[PDB]
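J.:
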RNA sequence: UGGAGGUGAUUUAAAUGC
RNA sequence: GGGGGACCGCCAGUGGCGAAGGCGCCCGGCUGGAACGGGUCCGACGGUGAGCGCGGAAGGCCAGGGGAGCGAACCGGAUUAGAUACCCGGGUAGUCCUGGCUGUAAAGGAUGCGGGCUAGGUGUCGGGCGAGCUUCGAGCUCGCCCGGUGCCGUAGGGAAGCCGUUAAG
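In structure tokens, the structure reads:
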């Protein structure tokens, strides 16, 4: 350790938000070092509970003990999701993660709309009558 | 307008008296083009939409 | 992997060439010299008015690392989806205004400006507000130093100067610098 | 008070009868 | 960090342009049409139009080049009583470019074109005009007028729905 002047570390937390799964992933402010990666289908046994909020608090609590272990006390949250493939809108882990950070005791800085949104068109699947129900 | 009760254009005549040479010119209230003074080479009016916008102060008698 | 943690080095961000050594930014990493080009996002707490308020998210890049100390330049700016959606309105316009810059220092700089129009009458004066940006900007880059010229643009100074001229032509509202990207570094002589 | 778009869409309700 | 091909959300409008199919990043060159003010010039030169000629989405076809995503056919899974499916994972032709062919549609406004005549109202786009405002730019508004683009509705028409100065009078 080369002398630290601030005595506070910051770890930006990418939050990747699917209706099939939730992924929480906090790194250092650069992004060049991965402390910890924890999703919503190690917590559980089944596919239905893979997303939900309750996996998306517990996943975001196991990680939160290892960031406390480094010195990272402040966190910026970068909420995002698959935009080009699917719909951009975040799933059930977005209201969930921020609740999972206020209980873990990690401070909450910036909360951010950085989700992939094309400036353009690309043809997804589903046509004639779009995707059919 | 008045296409079936006799259409008359909007027009009129006005005597313009040049400020650079005192030259008296007859001018259609709607200049379509640049009217040039015949003893200055100046521009009295410039053609824009509707009535030709008169460039700066030039004297006017309205007929 | 299996760091004690003791294969974890720590560096510290000192980011000048827009301000002095902004101490903000602390770097953990594993091994020595895997960050030498890695990019850090900051709000900037140098000016706590505008640079914290409406200028959320700038990218800075550690060009070098010395004795375990990161030296960081301006690499870029980008605004959040927050900004761009909020401002725009209907029955009016949103405009976007590029210019590929050359300053006298030998840096090239790609800007995109974004102004929002005053309501009705969309016309050729729109692109002429476009034209009056690329004209004024070229001339400020040629005159001003580059380090200065990246302080001004990021500050509202540019958005302000643009507006005075462009409100004569066809009055605007909500003009900004949407994004900036460092076109070419090297120098005037490589 | 009555009209036009843009997209979520809902599978937990089963074939036929002179 | 690099490479590739497609495309240009918001903007974007009850908006504009186009004969029609149709058309949407920004900048410049070339170019078609269109509006308006002034009819300044020609002096009936007009209308329509069988035959005839020309333009015409997507798909298909031909030859060459290209190929990310997507995806008929096709290969698996599920579903299901069975599934040649809806749902999911791969996938070729094609989708892109260039030259050519082909010529079809609920190619709709299911409404051929041109002229004249026949209450109105309102919103909107562009052009003109008289004002007030002004950041001194038609930028923000009021009204008359001209051209277009919607909605509502008198007389009339209609079988009725509806149409009704953008007619289906």
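Residue numbers (the working numbering), protein chains in the order written: chain A, 1003 to 1135; chain B, 17 to 79; chain C, 7 to 196.
Just so you know, even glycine gets a beta-carbon here, dropped at the ideal spot from N, CA and C.
1. Do the region 10-17 of chain C and the region 27-40 of chain C meet, that is, are 3 or more Cβ pairs less than 8 Å apart?
2. Within its chain, find whatever has a CB closer than 6 Å to the CB of residue 162/C; leave out the 5 residues flanking it on each side and keep chain order.
3. State yes or no: is the C-beta of residue 1083/A within less than 8 Å of the C-beta of residue 1020/A?
4. Considering residue 160/C, what are the terminal residues of the alpha helix (DSSP H) in which it resides?
5. Check whether the Cβ of residue 25/B lies closer than 7 Å to any heavy atom of the ligand COA, and answer yes or no.
6. Going along the region 1055-1074 of chain A in order, which residues come within less than 9 Å of chain C, judged by CB to CB distance?
7. Do residue 79/C and residue 45/C have their C-beta atoms closer together than 8 Å?
8. Using the rule of at least 16 other Cβ atoms within 10 Å of the residue's Cβ for burial, across every protein chain shown, is residue 1009/A buried or exposed?
9. Nearest chain A C-beta to residue 28/C closer than 8 Å, yes or no?
10. Give me the residue from 36/B, 27/B, 28/B, 47/B with the minimum Cα distance to residue 70/B.
11. By Cβ distance below 7 Å, which residues in the same chain neighbour residue 1127/A in space, the five residues on each side in sequence not counted?
12. Please report the residue range of the beta strand (DSSP E) in which residue 29/B lies.
13. Could you give the first and the last residue of the continuous alpha helix (DSSP H) run that contains residue 1097/A?
14. Report, in whole angstroms, the separation of the C-beta atoms of residue 50/C and residue 1031/A, which I expect to be a contact under 8 Å.
15. Within 10 angstroms of its Cβ, does residue 1092/A collect 16 or more other Cβ (buried), or is it exposed?
16. Between the C-alpha atoms of residue 1037/A and residue 1070/A, what's the straight-line distance to the nearest angstrom?
17. Below 8 Å on the Cβ atoms is my guess for residue 1073/A versus residue 1007/A; work out the distance and round it to an integer in Å.
18. Restricting to Cα atoms, I'd like to know which of 1016/A, 1104/A, 1101/A is closest to residue 1078/A.
19. Where are the beta strand (DSSP E) runs, 3 residues long or more, that stay fully inside the region 1067-1092 of chain A, in chain order?
20. When we look at the beta-carbon of residue 1053/A and count the other beta-carbons within 10 Å, is it buried (16 or more) or exposed?
21. Residues in the same chain with beta-carbon distance under 7 Å from residue 15/C, minus the five sequence neighbours each way, listed in chain order, please.
22. Go ahead and label residue 66/C buried or exposed: buried means 16 or more other beta carbons lie within 10 angstroms of its beta carbon, across all protein chains shown.
23. Got a sec? Which residues, its chain only, sit under 7 Å from residue 1099/A by beta carbon, not counting five neighbours each side?
24. Among 49/B, 36/B, 28/B, 53/B, which residue has its Cα nearest to the Cα of residue 77/B?
25. Measure the alpha-carbon distance for residue 23/B versus residue 52/B and round it to whole angstroms.
26. Considering just the uninterrupted stretch of the alpha helix (DSSP H) at residue 87/C, what are its terminal residues?
27. Select from the region 68-100 of chain C all residues with a C-beta closer than 7 Å to any C-beta belonging to chain A, and list them in chain order.
28. Run through DSSP, which three-state label would residue 54/C get?
29. For the candidate residues 35/B, 39/B, 19/B, 30/B, whose alpha-carbon lies nearest to that of residue 55/B?
30. Please tell me whether residue 1077/A has its Cβ less than 8 Å away from any Cβ of chain C.
31. With three or more beta-carbon pairs closer than 8 Å as the criterion, would you say the region 113-127 of chain C touches the region 174-188 of chain C?
32. Helix, strand or coil: how does DSSP classify residue 179/C here?
33. Note the first and the last residue of the continuous beta strand (DSSP E) segment covering residue 15/C.
34. Would you check if there are 3 or more beta carbon pairs closer than 8 Å linking the region 146-165 of chain C to the region 84-102 of chain C?
35. Give the single residue among 156/C, 139/C, 43/C whose Cα lies nearest to the Cα of residue 115/C.
36. May I have the straight-line CA-CA distance separating residue 1/C from residue 17/C, to the nearest angstrom?
T.: Result, derived from the coordinates:
1. Result yes; three or more Cβ-Cβ pairs closer than 8 Å.
2. For residue 162/C, same chain residues with a beta-carbon under 6 Å away, outside a window of 5 residues either side, are 56 in chain order.
3. Going by beta carbons, residue 1083/A and residue 1020/A fall inside the 8 Å limit.
4. Residue 160/C -> alpha helix (DSSP H) spans 152-160.
5. Among the components of this structure there are no ligands whatsoever, and the ligand COA is therefore not found.
6. Answer in chain order: 1071, 1072, 1073, 1074.
7. No, these two residues do not count as a Cβ contact at 8 Å.
8. Residue 1009/A is exposed by the Cβ-count criterion.
9. Residue 28/C does not count as touching chain A.
10. Of the candidates 36/B, 27/B, 28/B, 47/B, the one whose C-alpha sits nearest the C-alpha of residue 70/B is 47/B.
11. So the qualifying residues of the chain are 1133.
12. Per DSSP, residue 29/B belongs to the beta strand (DSSP E) from 29-33.
13. DSSP places residue 1097/A inside the alpha helix (DSSP H), whose first and last residues are 1096-1106.
14. Taking C-beta atoms under 8 Å as the contact rule, residue 50/C and residue 1031/A fail to qualify, at a distance of about 13 Å.
15. Classification for residue 1092/A: buried.
16. Spanning the two alpha carbons is a distance of roughly 11 Å.
17. Contact between residue 1073/A and residue 1007/A is absent: CB atoms are separated by about 13 Å, not below the 8 Å threshold.
18. Nearest of 1016/A, 1104/A, 1101/A to residue 1078/A, Cα basis: 1016/A.
19. List check, beta strand (DSSP E) in window: 1074-1082.
20. Classification of residue 1053/A: buried, given that the 10 Å Cβ count is 16 or more.
21. Taken in chain order, the residues that qualify are 35, 38, 74.
22. Taking all protein chains in view, the Cβ of residue 66/C is crowded by 16 or more other Cβ atoms within 10 Å, so the residue is classified as buried.
23. Result list for residue 1099/A: 1017, 1026, 1058, 1062, 1079, in chain order.
24. Nearest option by C-alpha distance: 28/B.
25. So the alpha carbons of these two residues sit roughly 30 Å apart.
26. For residue 87/C, the enclosing alpha helix (DSSP H) starts and ends at 87-93.
27. Residues are counted here when their Cβ sits less than 7 Å from a Cβ of chain A; for the region 68-100 of chain C these are 74, 86, 87, 88, given in chain order.
28. Coil at residue 54/C, not helix or strand.
29. Measuring from the Cα of residue 55/B, the nearest candidate turns out to be 39/B.
30. Residue 1077/A does not count as touching chain C.
31. Yes: at least three Cβ pairs fall under 8 Å.
32. Residue 179/C falls in the strand class under three-state DSSP.
33. From DSSP, the beta strand (DSSP E) with residue 15/C extends over 14-20.
34. Between the region 146-165 of chain C and the region 84-102 of chain C there are fewer than three C-beta pairs closer than 8 Å, too few to call the two in contact.
35. Minimum Cα distance to residue 115/C is reached at 156/C.
36. Given a span of 7 to 196 for chain C in the structure shown, any question on residue 1/C remains unanswerable.
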